[PDB]
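Participant: An experimental structure, sequence included, is below.
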Amino acid sequence: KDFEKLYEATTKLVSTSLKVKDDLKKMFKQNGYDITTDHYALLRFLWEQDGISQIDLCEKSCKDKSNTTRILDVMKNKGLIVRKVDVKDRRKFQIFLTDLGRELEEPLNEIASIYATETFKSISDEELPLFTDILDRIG
Amino acid sequence: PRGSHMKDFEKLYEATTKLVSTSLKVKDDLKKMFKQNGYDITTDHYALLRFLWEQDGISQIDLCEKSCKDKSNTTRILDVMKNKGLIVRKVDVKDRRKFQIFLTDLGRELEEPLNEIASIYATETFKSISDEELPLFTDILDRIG
Ligand SMILES: [Hg+2]
Ligand SMILES: [Hg+2]
Ligand SMILES: [Hg+2]
Ligand SMILES: [Hg+2]
């Protein structure tokens, strides 16, 4: 409708995504926090709700089970989260924030806010839900 | 940074999240479709091949400007393409130390079957999206950043 246009949209979608992820990461680094966008998204779920099951974070995350688990080990190794074997299943892992994990909410949210305002500055508030809804119908 | 009409951070974050997820789903599904139909090609590969079908023998340098993925990642990906037999690296006759990138016979032949799959894929993927909506979507993506 027509392929050339469709391919161009797909490309822009995919550049933009990468640029977004990559600039937010840089901004966390510049302020001295060595974290990725993936780590931030995961931590956001936990700040809402601590003790999420790993499978539960599969679902919410996306990824494969391989990738998510590797991202979570990187996070544990930076001290943000710990991993417990569950009180309603040996099979399941529950995921808890450390103190470090809790502490970073204010500041990581602050940097993400600053990134967001600048990044979305040319776009109107009323364009968001259109954008969002077009993304939701893609696929 | 500020003004008199700020957006809600939550909304911006949700949009960023949806943008990211959707990018990933689209990439990953296109890759699955290529493999299911017998071609072991990533979306990154296919995207580079598109640039080569338009402009065979382009410089590594000019490929990176178009590519994004600024240098070491386009390169690593180019290497993987050479070892797949899709492309070939040729020292520039003019301008020392530049390379030009050329399609193999295999890389040329893939143009038709790979565009066929991607095209079908794109139409499915965008079927719920009206003709008026598309450049709107595209224009928002251009203003992001
Ligand atoms: Hg790309
Ligand atoms: Hg994500
Ligand atoms: Hg999963
Ligand atoms: Hg390169």
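Facilitator: Perfect, thanks for sending it. Numbering: from 1, shown residues only, chains lettered A, B, ... in the order given. Ligands and ions are numbered 1, 2, ... in the order given.
Participant: all strands of chain A, in order?
Facilitator: A:52-53, A:81-86, A:89-97 (DSSP state E).
Participant: Of all the ones you listed, which one is nearest residue B:64?
Facilitator: Residue B:64 lies closest, by CB to CB, to one member of those: strand A:81-86, at 36.7 Å. For the C-beta atoms, the positions are set from N, CA and C on the backbone; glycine is no exception.
Participant: mind listing what that closest one pairs with, with the direction of each?
Facilitator: strand A:89-97 (antiparallel) (DSSP bridges).
Participant: Can you show me the CA trace of the partner strand as PDB?
Facilitator: Output in PDB follows, covering the C-alpha atoms of strand A:89-97 (Å, rounded to 0.1, in the frame of the first residue of the first chain):
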ATOM      1  CA  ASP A  89       6.600 -23.700  44.000                       C
ATOM      2  CA  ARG A  90      10.200 -24.900  44.000                       C
ATOM      3  CA  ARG A  91      10.000 -24.700  40.200                       C
ATOM      4  CA  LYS A  92       9.400 -20.900  40.000                       C
ATOM      5  CA  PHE A  93      11.800 -17.900  40.800                       C
ATOM      6  CA  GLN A  94      10.400 -14.700  42.500                       C
ATOM      7  CA  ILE A  95      12.300 -11.400  41.800                       C
ATOM      8  CA  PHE A  96      12.900  -8.800  44.500                       C
ATOM      9  CA  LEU A  97      14.500  -5.500  44.400                       C
END
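Participant: re the thing from before, for the strands of chain A, give me JSON lines that also has distance to ligand 4 and mean neighbour count.
Facilitator: Formatted as JSON lines, the strands of chain A follow (distance: least, CB to the ion, whole Å; neighbours: other CB atoms under 10 Å in any protein chain shown):
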{"stretch": "strand A:52-53", "distance to ligand 4": "40", "mean neighbour count": "18"}
{"stretch": "strand A:81-86", "distance to ligand 4": "36", "mean neighbour count": "14"}
{"stretch": "strand A:89-97", "distance to ligand 4": "38", "mean neighbour count": "15"}
